[PDB]
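I have placed the structure first, in the form of structure tokens, so that the comments after it can refer back to it.
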Amino acid sequence: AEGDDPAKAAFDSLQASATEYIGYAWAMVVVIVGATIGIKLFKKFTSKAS
Amino acid sequence: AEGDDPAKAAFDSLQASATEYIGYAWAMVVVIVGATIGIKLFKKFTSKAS
Amino acid sequence: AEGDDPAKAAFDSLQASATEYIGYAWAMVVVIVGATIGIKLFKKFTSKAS
Amino acid sequence: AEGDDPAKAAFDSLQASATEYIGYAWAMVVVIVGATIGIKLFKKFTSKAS
Amino acid sequence: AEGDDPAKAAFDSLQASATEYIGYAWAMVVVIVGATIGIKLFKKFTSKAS
Amino acid sequence: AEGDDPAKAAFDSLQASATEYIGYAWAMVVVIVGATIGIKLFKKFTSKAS
Amino acid sequence: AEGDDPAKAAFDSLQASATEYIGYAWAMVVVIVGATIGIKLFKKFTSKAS
Amino acid sequence: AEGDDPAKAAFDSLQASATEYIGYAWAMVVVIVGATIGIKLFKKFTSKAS
Amino acid sequence: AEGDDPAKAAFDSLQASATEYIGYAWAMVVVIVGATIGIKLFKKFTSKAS
Amino acid sequence: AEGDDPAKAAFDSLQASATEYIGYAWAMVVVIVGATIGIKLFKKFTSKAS
Amino acid sequence: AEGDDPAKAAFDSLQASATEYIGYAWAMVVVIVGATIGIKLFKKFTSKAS
Amino acid sequence: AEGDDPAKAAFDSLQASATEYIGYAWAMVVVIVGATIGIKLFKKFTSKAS
Amino acid sequence: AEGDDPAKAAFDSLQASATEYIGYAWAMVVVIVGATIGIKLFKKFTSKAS
Amino acid sequence: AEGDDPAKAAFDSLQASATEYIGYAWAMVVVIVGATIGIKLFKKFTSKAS
Amino acid sequence: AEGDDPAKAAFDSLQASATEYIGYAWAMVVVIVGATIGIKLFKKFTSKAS
């Protein structure tokens with residue numbers, strides 16, 4: 001009980017922080033996927049011309 | 001007997017506390033797996049465009 | 001049992017979110033395929049004239 | 001014997017729970033594969049027009 | 001001799017019990033591997049369509 | 001020996017299930033290829049007229 | 001010496017069992033590869049018509 | 001909190017750098033697609049003469 | 001009481017020092033992950049060209 | 001001296017026995033790697049057809 | 001030395017087996033390419049008539 | 001404090017060294033990606049001729 | 001420092017070797033592309049006659 | 001010193017043996033890549049005919 | 001003081017010896033990584049041909 005209270009709260013803080021990192025992950029992949037969408041579009045142009 | 005009663009109860013309390021920690025574990029992994037599902041979905045988009 | 005309940009629900013939420021992403025995927029490809037239909041139609045005109 | 005009985009049963013419960021998670025897995029992949037079937041169909045249209 | 005007889009038998013019982021646990025292990029992994037076979041099959045479908 | 005028997009049988013069941021999925025795969029591609037045969041036939045008509 | 005004899009034999013049995021599992025592996029992949037050969041053949045038909 | 005601050009910033013820097021690489025990607029494909037547009041134009045001339 | 005005071009403070013100092021080491025850890029992994037982001041970007045270029 | 005002689009010899013015997021076990025290890029991994037070579041070859045066939 | 005001898009030989013056997021699989025691969029593709037040569041010849045006839 | 005100072009500095013040196021290795025990594029991938037750009041360009045020529 | 005020097009040099013040697021392989025790659029594709037240029041030229045003759 | 005001499009030499013022998021295994025690795029991949037070069041050549045023929 | 005002097009020196013010798021072992025480690029991994037660079041290059045060739 002008493003001992004595990006501060007620890008439970010600590011785990012909550014750790015979980016929230018994990019969520020912050022995870023948000024950054026979603027974003028990073030937003031850039032990479034953005035790059036893939038654009039570049040694959042270049043390829044699309046090329047094929048249409050072909 | 002007499003001596004081990006309080007100890008048995010103490011072990012029950014310890015086990016329950018362990019269950020609390022364990023619940024937090026399931027949750028933490030819920031966030032991480034959520035991140036993996038979303039980001040792998042970004043990758044899915046990229047491949048479909050490709 | 002008890003521990004895996006919150007986790008099952010979490011997985012449901014994750015699955016639904018996956019469905020949202022997936023809807024966006026169908027749409028994105030709607031635009032790309034729209035582009036292919038139109039442009040291939042331009043090619044059709046050219047061939048008919050030829 | 002005596003000690004390992006409750007443990008055997010516990011393992012049964014754990015195995016069943018594992019089956020629940022696993023069912024959710026089959027489903028999640030049902031959505032993802034559904035997305036792949038549909039989107040690859042969009043690509044099919046595009047190629048046929050081409 | 002005399003003292004170690006009951007102990008040898010006890011070790012036999014312990015070994016047999018260990019075998020029971022171990023059987024449950026083989027099974028648990030049967031479910032997990034079953035899940036992997038099925039889901040990887042979903043992926044197979046997706047690739048074939050692609 | 002003893003331990004691996006149930007596991008061998010489990011693997012047999014898994015293999016058979018894999019065969020079921022695989023049958024569905026052959027079918028799915030039957031529809032897609034059917035679509036390609038028909039539509040390419042439309043193209044055939046067009047060229048013959050041309 | 002004496003102690004490691006039964007253990008060497010045990011390892012032989014374990015190795016043989018491993019061979020049984022491994023045979024099942026070769027087979028499972030026989031089905032999957034069979035599926036890939038057939039389905040890729042469907043794709044072949046489609047392309048030839050195209 | 002305290003520990004994850006420097007890490008969040010580090011991830012920001014990493015994301016920005018990723019954007020730089022990605023810009024170079026868009027450019028590289030600009031050259032390749034430029035090549036495809038020009039060369040397919042050569043083919044266009046040839047067909048028109050034909 | 002009296003004896004454990006200096007020890008509590010000592011543990012505080014030890015904990016803070018642990019935090020310093022831990023900061024260095026976050027940083028070290030910042031470099032490694034930076035390397036992975038860049039190099040995986042090289043791979044991205046290669047695939048886009050492909 | 002005198003006491004450690006029989007012990008040195010005992011250690012030699014133990015080392016040799018360890019070598020026997022170790023030989024079995026190399027073999028066991030021979031089977032597993034054999035399985036991986038064959039099955040990855042099945043995958044090779046599939047890709048070539050694709 | 002001693003330990004790695006049997007392993008080297010095992011690797012030789014594995015390599016030879018790999019060669020057998022690989023021969024089957026060359027053959028399988030012989031059939032597929034044979035099919036492509038014949039069918040493309042049908043197309044040749046059609047065009048010549050056209 | 002006192003004990004962890006030399007260790008902090010040691011970790012700094014280790015981190016810097018890690019950066020050196022990492023630089024070599026970026027370079028190695030520069031060669032590999034260079035190879036991919038060139039060779040994919042060969043493929044580009046072939047397709048343009050086709 | 002001291003430890004990572006020999007390793008840095010080792011990485012240099014590895015990188016150079018990678019360059020050798022890569023040169024062979026450029027060449028191999030020189031032959032394949034040569035084949036494509038020639039054969040597509042055969043096709044050119046055929047079309048001109050047509 | 002004295003104790004680590006035999007160990008250093010032992011490590012040399014182990015490293016050399018590792019080199020033998022590694023040579024076999026380069027070879028095994030020589031066969032696999034040979035198979036890929038040949039079979040991809042079959043595909044080349046098919047496309048040229050097409 | 002007096003007693004710990006010879007021990008400090010002994011620890012220095014032990015540390016230096018540890019450095020020797022560690023050098024051998026860097027080397028061993030030089031061979032393994034060399035093998036990975038070469039073999040992955042074989043794979044590179046195969047993909048380029050594909």
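Chain identifiers are assigned as A, B, and so on, following the order in which chains appear in the structure tokens; residues are numbered from 1 within each chain, and ligands are numbered from 1 in order of appearance.
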
Practice item. Compile the contact shell of range 5-10 of chain D as a PyMOL selection string: residues with an atom at most 10 Å away, counting only C-alpha atoms, same-chain residues fewer than 2 positions apart removed. Key: (chain D and resi 1-3+12-15) or (chain E and resi 17+20-21+24)

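CA of residue 32 in chain I sits 20.4 Å away from CA of residue 32 in chain B.
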
Exercise for review: Please measure the separation of CA of residue 37 in chain B and CA of residue 36 in chain E, giving the value in Å to one decimal.
Suggested key: 16.9 Å

Which polymer residues have any atom within 12 Å of an atom of residue 49 in chain K, counting only C-alpha atoms, with same-chain residues fewer than 5 positions away left out, as a short mmCIF file (atom, residue, chain, number, x, y, z; two decimals) with N, CA, C and O atoms, in the first residue's frame?
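Once written, result_28.cif looks like this:
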data_model
loop_
_atom_site.label_atom_id
_atom_site.label_comp_id
_atom_site.auth_asym_id
_atom_site.auth_seq_id
_atom_site.Cartn_x
_atom_site.Cartn_y
_atom_site.Cartn_z
N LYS F 48 -9.86 -4.03 -82.43
CA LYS F 48 -10.33 -4.69 -83.66
C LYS F 48 -11.12 -3.72 -84.52
O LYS F 48 -10.98 -3.71 -85.77
N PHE K 42 2.11 -16.31 -80.03
CA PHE K 42 0.69 -16.23 -80.44
C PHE K 42 0.32 -14.78 -80.76
O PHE K 42 -0.30 -14.50 -81.82
N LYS K 43 0.79 -13.91 -79.89
CA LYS K 43 0.59 -12.46 -80.03
C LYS K 43 1.27 -11.94 -81.29
O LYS K 43 0.72 -11.03 -81.97
N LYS K 44 2.41 -12.53 -81.58
CA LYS K 44 3.17 -12.17 -82.78
C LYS K 44 2.36 -12.47 -84.03
O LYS K 44 2.23 -11.56 -84.89
N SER M 50 7.67 -2.74 -90.46
CA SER M 50 6.21 -2.80 -90.33
C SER M 50 5.51 -1.51 -90.74
O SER M 50 4.65 -1.54 -91.66
#

Point to revise | Å distance separating CA of residue 31 in chain L from CA of residue 47 in chain I, one decimal place | key: 14.8 Å
